[PDB]
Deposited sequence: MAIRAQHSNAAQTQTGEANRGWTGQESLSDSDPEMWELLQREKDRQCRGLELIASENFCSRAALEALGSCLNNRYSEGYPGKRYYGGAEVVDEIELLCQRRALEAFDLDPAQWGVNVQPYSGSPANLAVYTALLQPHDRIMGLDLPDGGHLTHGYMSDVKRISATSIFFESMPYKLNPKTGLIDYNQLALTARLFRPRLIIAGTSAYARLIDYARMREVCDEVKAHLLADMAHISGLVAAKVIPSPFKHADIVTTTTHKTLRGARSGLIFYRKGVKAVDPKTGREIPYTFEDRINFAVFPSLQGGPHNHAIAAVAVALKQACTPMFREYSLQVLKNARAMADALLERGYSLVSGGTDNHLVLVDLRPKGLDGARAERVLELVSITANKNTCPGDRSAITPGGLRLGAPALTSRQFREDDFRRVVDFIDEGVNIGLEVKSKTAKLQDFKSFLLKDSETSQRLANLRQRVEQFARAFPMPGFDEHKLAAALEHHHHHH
């Protein structure tokens, strides 16, 4: 055992699996949950010897051996994050250790709130498509809601209801929201009621960095994010925090750092920090701004094509990487569409429409442009992506007429021969279209 023998030679079972995922990403239309195709350079650092370094604690104050290079990476990653978001290092700091998105938010909560302190966040922030929570368990949550008429945040009810609830922390964030969040309005409500504003910009950070949308940094105390959504890097988290005066100084740095370690996490994933750091250098470039504009252009193109075929869209359209389809008028629910699209190699997830209760089978569907725009899709290509989605939906409506239960519907897609061929036909064309485009990452895996 050398320890240096390839994956394909030493573990065929797993290499066979790895290749199926690479083929699927290449052959399919990837529209799911603001995901992306990570670059080769970032991935190289992600699966590297940096995986082997213990480095509990923080750069500067690690006195045990070996953490000297890893210090310089962590400190580099910070500067590049502050650069990507055009932040004054005197006014802003950043903690690059959080293992993913949720651990980033959890570390902010435990840093600034006592157990049982009160938090407010948007109800069903990610769509509610998987029907307690950290927020709800160790602290006292109260949701604010979307306004069912407009599909936008009901900032009024949020302002009115927060005066009564008295939260110490309000979250400004939603991964299933196709419009721009009014951070200044959220800052009003927080200052009045005497609360921290946390901008969770998980799925839109690359857009914020490229300056194709308004920055929550101009208004938020704290900003959390992910690094694998619209930022195009590795799966990781970040926590940005203000520092300096306003002379009463901010006290975020030490509490936020102490919450990540030692309160919640162990030693950081230095492989992940380096892969993030690669992607953030990439994000600073003009190439990434031109990409981010194309993301918006493509999502708007997608939105228009759906509208032009008589689809309803939650909130009328988009200012965003996302477009939320409301399928209820068209006659299909989200679970049904979600499934049918999988079988023709199109990844989406269902989404709860504003107005509908928990027990209604979500009638919407969340789509997003980041992944495919990274494969050099233009507006024409997304217009043609919608042709494929619409055809898939029309198969669904045919099968809805011939079936009753969700389980009847689902079996009928596989077993009815006239349906399984129409799906196979749409799958073959979808796949003929998608393969032709380039793909970021490695050739083979």
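*How would you list, in order, the spans of the deposited sequence that the model does not cover?*
Residues lacking C-alpha coordinates: 1 to 21, 153 to 161, 277 to 284, 484 to 496.
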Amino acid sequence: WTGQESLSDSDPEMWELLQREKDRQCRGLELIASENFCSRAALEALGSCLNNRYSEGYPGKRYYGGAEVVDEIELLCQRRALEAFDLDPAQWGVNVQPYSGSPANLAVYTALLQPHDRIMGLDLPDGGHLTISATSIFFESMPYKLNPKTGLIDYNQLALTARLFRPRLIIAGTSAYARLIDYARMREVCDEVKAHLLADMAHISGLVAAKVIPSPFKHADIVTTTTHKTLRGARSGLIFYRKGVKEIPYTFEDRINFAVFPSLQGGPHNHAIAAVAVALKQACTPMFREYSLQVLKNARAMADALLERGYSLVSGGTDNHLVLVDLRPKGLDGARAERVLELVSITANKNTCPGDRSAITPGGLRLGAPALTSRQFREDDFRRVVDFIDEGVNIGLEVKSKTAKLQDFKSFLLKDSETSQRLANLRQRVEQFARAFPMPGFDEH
From here on, numbers count along this sequence of modelled residues.
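*Averaging only over Cα atoms, indicate whether 68 to 76 or 344 to 352 has the higher B-factor in the PDB entry.*
Between 68 to 76 and 344 to 352, it is 68 to 76.
*With respect to the recorded C-alpha B factors, which stretch has the higher mean value, 31 to 39 or 405 to 413?*
Stretch with the greater average CA B-factor: 405 to 413.
*Among 163, 269, 366, 232, which carries the highest Cα B-factor?*
By C-alpha B-factor in the record, 163 ranks first.
*Candidate residues 212, 245, 239, 178, the one whose C-alpha B factor the record puts highest*: Answer, based on the entry's C-alpha B-factors: 245.
_For residue 22, the third of its chain into which the C-alpha B factor falls_ = According to the entry, residue 22 has a C-alpha B-factor in the chain's middle third.
*Against its chain's modelled residues, does residue 225's Cα B factor rank lowest, middle or highest third?*
Answer is lowest: the recorded C-alpha B-factor places it there.
*Report the third (lowest, middle or highest) to which the CA temperature factor of residue 217 belongs, ranking only the modelled residues of the same chain.*
Tercile = middle for this residue's CA B-factor.
*Third of the chain, ranked by Cα B-factor, where residue 252 sits*: Highest third.
_Lowest, middle or highest third: which one holds residue 3 when the chain's residues are ordered by CA B-factor from the entry?_
Within its chain, residue 3 is a highest-third residue by C-alpha B-factor, going by the deposited values.
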